[PDB]
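Asker: Turn this into a structure:
(chains A and B, ligands or ions: 1)
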Amino acid sequence: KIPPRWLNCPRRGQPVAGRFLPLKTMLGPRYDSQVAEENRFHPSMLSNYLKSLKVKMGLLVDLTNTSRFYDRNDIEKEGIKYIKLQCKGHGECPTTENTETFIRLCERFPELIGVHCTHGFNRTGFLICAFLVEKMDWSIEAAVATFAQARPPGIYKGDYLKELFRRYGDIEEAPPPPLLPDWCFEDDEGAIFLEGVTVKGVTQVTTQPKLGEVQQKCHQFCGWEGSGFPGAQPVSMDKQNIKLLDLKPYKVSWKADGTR
Amino acid sequence: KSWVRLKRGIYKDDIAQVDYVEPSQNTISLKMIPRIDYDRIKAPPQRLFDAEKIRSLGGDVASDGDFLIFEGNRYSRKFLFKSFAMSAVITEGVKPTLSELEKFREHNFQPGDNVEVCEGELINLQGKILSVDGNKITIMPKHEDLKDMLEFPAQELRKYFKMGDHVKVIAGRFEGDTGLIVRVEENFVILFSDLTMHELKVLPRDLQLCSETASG
Ligand SMILES: *O[C@H]1[C@@H](O)[C@H](n2cnc3c(=O)[nH]c(N)nc32)O[C@@H]1COP(=O)(O)OP(=O)(O)OP(=O)(O)O
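Answerer: Numbering: from 1, shown residues only, chains lettered A, B, ... in the order given. Find the structure here:
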């Protein structure tokens, strides 16, 4: 299966420090049955774009810890060096050993260096910022801000930012993770109030302060533990449901087809 | 300041830059790239001389900053600088390449290519190449509307190609790329590649007629 949150993710960001091109992972033709044509990111697309700009990529650093996404030969046949750099798992940020490996590799290599993890934000930005600070004498503030502006809010894991500031600055000055854009969660699973009629005095509430408050008060009034609409949900009657009408008092009403 | 290649030892036929010619006519100082394993495997390709590695591994090693003596009185600096005999090297017929310059005319006619005649009584006769030789080829081109085979040397011919044909580049910056030429000028031949639509201007001699599909 294709990774989640990948279809809406931009393929590439702006180059960082004139050297690094951050990317989400490419997906080979093996995934074409799961990815519509407009959303495809074959490696050939990256190489063709670079050729169209008469730009060469010296090296592509793969941080995904897997070979199931695309064929490395699609990159290597174009004269681009390919390296699979294994990073610390379990959701932890890259180790000092991982950062030293990344720096040792990249200092060997004008041409761009492509860097990608599954989505191209957290591991990618962590390693790019580490290189900027340790090798190019950037401040960590500048590195984090620049990566945030190149690939939108580049690092959004709070512990990643905290560890970057612990290693290279003051941990107490680490910024909080950015608020995420709406496209991040469109695949996790209405503006018209009433369908077919236009209704006066009724205007949808998108104001961020009061929206959460109205939802919160409804939750607390219903005693609803989870997220979402707290109201009672009736279920369709079957031959095993109807026997319940004998087991306790019940009231009936006609159901008009309406909007809850 | 010439180039030689050593005869004996592990450095056989390796490019050595003649640093200083000793006037005693016995040995000369040679700049070499060490084919050593830094006393790690033995109890090898050419790679740069790593002084820190040979200081770490120990053994027969003496340090003088960048100057160094190691493993059988091998003298290196910054790059080996060791004396070797004139009779133990070949001082005639090395001719190193550009990659060796970074470390320290021509005729190419092929059968099937199309060439024209630029001078003489048989001028502007375009024919396909049959055979090839070294300097005076005495070619036998199959001209248009001529059943006979004439004779032309290399200095008289030129790789002329009609507009709109398969073209490849043999050497230079544009080598490996294919495509179609558009307009043939006096010597500037412009073409568009099979991969990209960028203008590539080449000399007439740097073109060949090959009908294979581009790799990409
Ligand atoms: O082959 C899979 C799978 O067998 C094994 N694996 C993953 N989770 C578990 C588990 O909870 N319990 C057991 N016994 N085995 C498990 O891991 C193999 C693949 O490893 P991954 O590299 O895919 O692990 P991954 O990177 O996905 O973890 P994470 O980085 O997403 O947190």
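Asker: make it CA atoms for all contacts and neighbour counts henceforth
Answerer: Will do.
Asker: so who does whichever residue of the stretch 151-260 of chain A sits closest to chain B touch?
Answerer: Sorted by distance to chain B under CA to the nearest CA, the residues of the stretch 151-260 of chain A start with residue A:151, at 28.2 Å. With contacts defined as CA atoms under 8 Å, 6 or more residues apart in numbering or on different chains, residue A:151 is in contact with A:12, A:13, A:14, A:22, A:121.
Asker: quick one: which of the residues you listed is most hemmed in?
Answerer: For these, the largest number of neighbours (other CA atoms under 10 Å in any protein chain shown) sits with residue A:22, at 30 neighbours.
Asker: Next secondary structure after the host helix or strand of that one?
Answerer: Using DSSP states H and E, residue A:22 sits within strand A:20-24. Once the chain leaves strand A:20-24, the next helix or strand it forms, by DSSP H and E, is helix A:43-52.
Asker: Could you list the buried residues of stretch A:104-114?
Answerer: Using 16 or more other CA atoms under 10 Å in any protein chain shown as the test for burial, stretch A:104-114 gives A:106, A:112, A:113, A:114.
Asker: And for stretch A:141-155?
Answerer: A:141, A:143, A:144, A:146, A:147, A:148, A:150, A:151, A:152, A:153, A:154, A:155.
Asker: from the residues you listed, which is closest to residue B:156?
Answerer: Nearest to residue B:156 among those is residue A:150, at 58.7 Å by CA to CA.
Asker: Tell me who's in contact with the closest one.
Answerer: Counted by CA under 8 Å, 6+ apart, residue A:150 has contacts A:13, A:14, A:15, A:16.
Asker: now with 6 Å?
Answerer: A:13, A:14 (CA atoms under 6 Å, 6 or more residues apart in numbering or on different chains).
Asker: same deal with residue B:89?
Answerer: So residue B:89 contacts B:5, B:6, B:7 (CA under 6 Å, 6+ apart).
Asker: Closest to the centroid, which residue in chain B?
Answerer: residue B:97 (5.2 Å; CA atoms, centre = their mean).
Asker: quick one: that residue and the ligand, what's the gap?
Answerer: 47 Å (CA to the nearest ligand atom, to the nearest Å).
Asker: secondary structure class for residue A:219?
Answerer: helix (DSSP: H, G, I helix; E, B strand; the rest coil).
Asker: Now for it, how many residues are close by?
Answerer: With other CA under 10 Å as criterion, residue A:219 counts 18.
Asker: about what we covered before: which ones among the contacts of residue A:151 come in contact with chain B?
Answerer: Among the contacts of residue A:151, not one lies near chain B by CA under 6 Å from any CA of the partner chain.
Asker: In helices only, show me the residues you listed.
Answerer: Among those, no member falls in helices (DSSP state H).
Asker: Next, count neighbours for the residue of chain B found nearest the ligand.
Answerer: Of all residues in chain B, residue B:216 sits closest to the ligand, at 33.5 Å by CA to the nearest ligand atom. Neighbourhood size, residue B:216 [other CA under 10 Å]: 11.
Asker: I'd like to know how far the nearest residue to it once chain neighbours are set aside sits from residue A:58.
Answerer: Closest residue to residue B:216 apart from its sequence neighbours, by CA to CA, 6 or more residues apart in numbering or on different chains: residue B:195 at 6.6 Å. To residue A:58, residue B:195 is 20 Å away according to CA to CA, to the nearest Å.
Asker: What of residue A:88?
Answerer: 25 Å.
Asker: Neighbour count: the two, which is higher?
Answerer: residue A:58 (17 against 14).
Asker: list the helices and strands the host helix or strand of the more buried one packs on?
Answerer: Using DSSP H and E, residue A:58 sits in strand A:57-62. Counting contacts by 3 or more CA pairs under 6 Å, 6 or more residues apart in numbering or on different chains; DSSP states H and E, strand A:57-62 packs against strand A:81-84, strand A:112-117.
Asker: Report the strands that pair with it, each with its relative direction.
Answerer: strand A:81-84 (parallel), strand A:112-117 (parallel) (DSSP bridges).
Asker: does any bit of the longest one sit next to the ligand?
Answerer: No: legend: contact between strand A:112-117 and the ligand by CA under 6 Å from any ligand atom is lacking; minimum distance shown is 11.2 Å.
Asker: could you give the angle of that strand to strand A:20-24?
Answerer: For strand A:112-117 against strand A:20-24, the angle by axes from the mean of the first three to the mean of the last three CA atoms, to 10 degrees is 30 degrees.
Asker: Output strand A:112-117 as CSV - backbone C-alpha positions only.
Answerer: Provided in CSV are the C-alpha atoms of strand A:112-117 (Å, rounded to 0.1, in the frame of the first residue of the first chain):
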residue,chain,number,x,y,z
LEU,A,112,22.3,19.4,-6.0
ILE,A,113,22.0,16.8,-3.3
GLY,A,114,18.6,15.2,-3.1
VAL,A,115,17.4,14.1,0.4
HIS,A,116,14.2,12.3,1.0
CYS,A,117,12.3,10.3,3.7
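Asker: now the helix or strand just after it, how far from the centre of its chain.
Answerer: Remark: after strand A:112-117, the chain's next helix or strand is helix A:122-136, criterion DSSP H and E. Centroid separation for helix A:122-136 versus its chain: 19 Å, with CA atoms, centre = their mean, to the nearest Å.
Asker: cool, stretch A:118-138 as well?
Answerer: 17 Å.
Asker: picking that back up, and of the buried residues of stretch A:104-114, the nearest to residue B:12?
Answerer: Using CA to CA, the buried residues of stretch A:104-114 come closest to residue B:12 at residue A:106, 35.0 Å.
Asker: check contacts around that closest one.
Answerer: Here residue A:106 is in contact with no residue (CA under 6 Å, 6+ apart).
Asker: In stretch A:204-213, which residues are buried?
Answerer: Here stretch A:204-213 shows no buried residue, counting by 16+ other CA under 10 Å.
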